[PDB]
Structure formats: structure tokens, C-alpha cells
Amino acid sequence: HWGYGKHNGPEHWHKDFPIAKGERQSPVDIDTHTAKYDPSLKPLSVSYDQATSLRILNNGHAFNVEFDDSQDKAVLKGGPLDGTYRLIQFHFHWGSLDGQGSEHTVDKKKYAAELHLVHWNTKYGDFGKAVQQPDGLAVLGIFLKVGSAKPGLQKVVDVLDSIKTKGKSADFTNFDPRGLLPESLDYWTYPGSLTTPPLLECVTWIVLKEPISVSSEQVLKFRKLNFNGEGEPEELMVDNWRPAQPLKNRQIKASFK
Ligand SMILES: CC(C)(C)C(=O)Nc1nnc(S(N)(=O)=O)s1
Ligand SMILES: [Zn+2]
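Be aware that the sequence shown starts at 4, since it is given in full-length UniProt numbering, and climbs by one per residue.
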């Protein structure tokens with residue numbers, strides 16, 4: 004099964020998921036000087052006030068904080084998007100060292116981690132249908148750098164002990180994802196894919212320019228998670244990031260000059 008090891012990592016995924024070599028794969032390097040400001044891009048509308056988190060799950064590749072997406076409670080709109088995209092889950096990708104971990108890069112710079120807030124286009128009714136559409140998902144990507152703690156992340160950090168191993172979940176209600184956002188909603192956007200198998204080319208990527216800062220202690224706790232299940236040899240959940248993929252016939256657009 005696919006993963007992030009030497010024998011099952013990103014360089015192997017194409018054998019089971021040939022789209023791994025597709026025309027709109029993610030992540031990509033964001034070359035800031037080549038991205039073009041698009042004055043027609045609207046500001047993002049992040050409407051998370053009514054978000055209902057439910058559960059946090061270690062799925063063996065990352066941990067997902069899941070939301071009630073059976074109504075328009077937490078939605079992403081605007082920016083490059085047409086229509087309404089419902090928040091379904093967020094998760095992170097992170098490194099074994101602070102100098103790596105993000106999936107997108109900025110002028111080849113890797114951040115310590117990257118947060119993905121995943122939303123699906125409500126016009127497709129369910130996420131399973133949405134992922135079969137070129138505009139099915141919108142993922143808001145937020146870089147993490149190590150410095151000051153992010154207070155709004157601590158509730159996530161502190162539950163990780165209870166989901167150390169693959170397949171463990173814990174109740175995770177009343178978490179406010181607004182506490183994970185940076186000040187600015189300036190962003191880059193481009194059409195891409197899921198960065199994990201099945202690598203479907205269904206994502207409008209919206210990557211915020213402003214990273215959030217998290218503390219070394221916060222990211223160290225991410226790195227204590229396990230890829231393995233309980234009672235199996237311990238493999239630390241670290242470096243669960245896919246590297247940058249060829250941009251091919253795509254232009255990255257910037258919301259800001
Ligand atoms: C909801 C559903 C489709 C199961 C999902 O979100 N799957 C993801 N698979 N990779 C993602 S990434 N790293 O591109 O945000 S999201
Ligand atoms: Zn992701």
C-alpha cells in the first residue's frame with residue numbers, strides 16, 4: 004500500500020495511480036516572480052463561524068479533523084471559486100526536521116508543515132462525486148513555520164496522544180478552525196490534484212501567502228504520531244509530504260500585487 008517510505012513513497016505511486024504523472028498534479032513549487040497578479044480574483048470568503056468539528060482520525064498517513072458537512076456550516080467561497088465549497092476536514096503534512104514538511108514550496112523554500120483545509124463543491128452533492136470533477140474540491144493550503152506557538156493549534160496538539168496510531172479516532176467537537184488562519188488571506192491559486200492517492204485532478208488550490216507560526220513543541224508533537232497501527236513496530240509519522248510536481252501547462256495566479 005502507498006505511503007511515504009523508500010519502498011512505497013511518492014516515486015512509486017504512479018504504478019497504482021498513473022495519474023501521478025498527469026497534467027495537473029499537486030503540489031507544485033510556487034515561483035513568486037512568475038505567478039501573475041490577477042485583478043479579477045475576488046477576495047476569499049472564509050465563513051467558518053458555524054463550523055462543527057466532530058472527530059479527529061489518524062488515518063495512517065496524517066490526521067484529519069473532520070467536520071459536519073451535511074449542511075452549509077463552514078464554507079469557502081469567492082477567490083477563484085464559483086459557488087460554495089463545504090469544509091469537510093483539515094489535516095497537515097509535516098517533516099522530520101523544521102526545514103521540510105510542506106508540499107507546496109515557495110521559490111523552492113520548504114516550510115516545516117502545511118495545513119490543508121479541504122472543501123467540496125456543494126453542486127456535486129457529496130465529496131465522492133466532487134472528486135470526479137475538475138472543480139470538485141477547493142483546498143486552502145497554509146504554510147507552517149516554526150517560531151511562536153499558534154494558540155489555536157494547541158487543542159489539536161493535545162489530542163494527538165489519543166490518536167497515536169493508524170485507525171485511532173477521538174471525539175473532537177467545538178474546534179474553531181478560524182484559529183488556524185493567518186492575518187492575511189492573500190493567496191496564490193492554480194488547478195491541481197489531491198496530493199495523496201488517488202491523486203485525482205479535482206482541486207482548485209488556494210495557497211495563502213502568509214504562513215502561520217507554530218512552536219517547536221507543537222510540531223514535535225506532530226512528529227510523535229505513528230504511521231503504524233497499535234501493536235505494530237513504531238514508525239514515526241514524519242515526512243508525510245509529496246514533493247513538488249511539474250507545473251506543466253498551468254499558470255499560478257496571485258490575488259495580490
Ligand atoms: C474528502 C476526501 C476526498 C477523502 C479528501 O479530502 N481526500 C484528500 N486526499 N488528499 C487531500 S490533499 N493532501 O490534497 O488535501 S484531501
Ligand atoms: Zn493534504
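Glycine is no exception: its CB is placed at the ideal position from the N, C-alpha and C atoms.
**Report entry** Helix, strand or coil at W123 according to DSSP, with G and I counted as helix
**Finding:** In the sequence shown, counting from the first residue as 1, residue 123 sits at position 120. Reduced to three states, the DSSP call for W123 is strand.
Query raised in the report: Which partner residues of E69 appear in the DSSP bridge assignment?
Result: Translated into the one-based positions of the sequence shown, residue 69 becomes position 66. Residue pairing from DSSP places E69 in a beta bridge opposite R58 and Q92.
Report task. Quick one: residues in its chain with C-beta nearer than 6 Å to the C-beta of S99, no 5 flanking neighbours on either side, listed in chain order? Result -> Mapped onto the sequence shown, residue 99 falls at position 96. For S99, where only same-chain residues beyond five positions count, the Cβ hits under 6 Å are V241 and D242.
Requested in this report: State the beta-bridge partners of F146 as determined by DSSP.
Outcome: Here residue 146 refers to the residue found at position 143 of the sequence shown. Residue pairing for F146: DSSP places it in a beta bridge opposite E117.
Query - Closest Cα partner of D179 within the set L156, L188 and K167 - result: If you number the sequence shown from 1, residue 179 lands on position 176. The shortest C-alpha separation from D179 is found at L156.
Query - Closest by C-alpha distance to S29, when choosing among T125, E204, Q74 and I166 - result: Sequence index remark: in the sequence shown, residue 29 carries index 26 (1-based). With distances taken between CA atoms, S29 lies nearest to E204 out of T125, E204, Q74 and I166.
Report task. Just the C-alpha distance for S56 and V78, rounded to the nearest angstrom, thanks. Result -> Translated into the one-based positions of the sequence shown, residue 56 becomes position 53. Translated into the one-based positions of the sequence shown, residue 78 becomes position 75. Taking the CA atoms as reference points, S56 sits about 13 Å from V78.
Query raised in the report: Considering only residues of the same chain and omitting the five flanking positions on each side of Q136, which have a CB-CB separation below 8 Å?
Result: Locating residue 136 in the sequence shown gives position 133, counting from the first residue. Here the set comprises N124, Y127 and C205.
Query raised in the report: For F130, which residues from the same chain have a beta carbon less than 7 Å from its beta carbon, with the 5 sequence-adjacent residues on both sides left out?
Result: Here the question's residue 130 lines up with position 127 in the sequence shown. Excluding sequence neighbours, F130 sits near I91 and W123.
**Report entry** Cβ separation of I255 and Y193, assumed to be a contact under 8 Å, to the nearest whole Å
**Finding:** Taking the first residue of the sequence shown as 1, we reach residue 255 at position 252. Taking the first residue of the sequence shown as 1, we reach residue 193 at position 190. With 8 Å as the limit, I255 and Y193 qualify as a contact, their Cβ atoms being about 4 Å apart.
Query raised in the report: Grouping DSSP H, G and I as helix and E and B as strand, with all else coil, what is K224?
Result: Position 221 of the sequence shown, counting from 1, holds the residue named residue 224. If DSSP states are grouped into helix, strand and coil, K224 belongs with the helices.
Query raised in the report: Since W16 is in the alpha helix (DSSP H), which residue starts that stretch and which ends it?
Result: To locate residue 16, count along the sequence shown from 1; it is residue 13. Start and end: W16 to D19.
Query raised in the report: Can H15 be considered in contact with ligand 1, in the sense that its beta carbon sits closer than 6 Å to one or more heavy atoms?
Result: If you number the sequence shown from 1, residue 15 lands on position 12. Checking every heavy atom of ligand 1 against the Cβ of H15, none is found closer than 6 Å.
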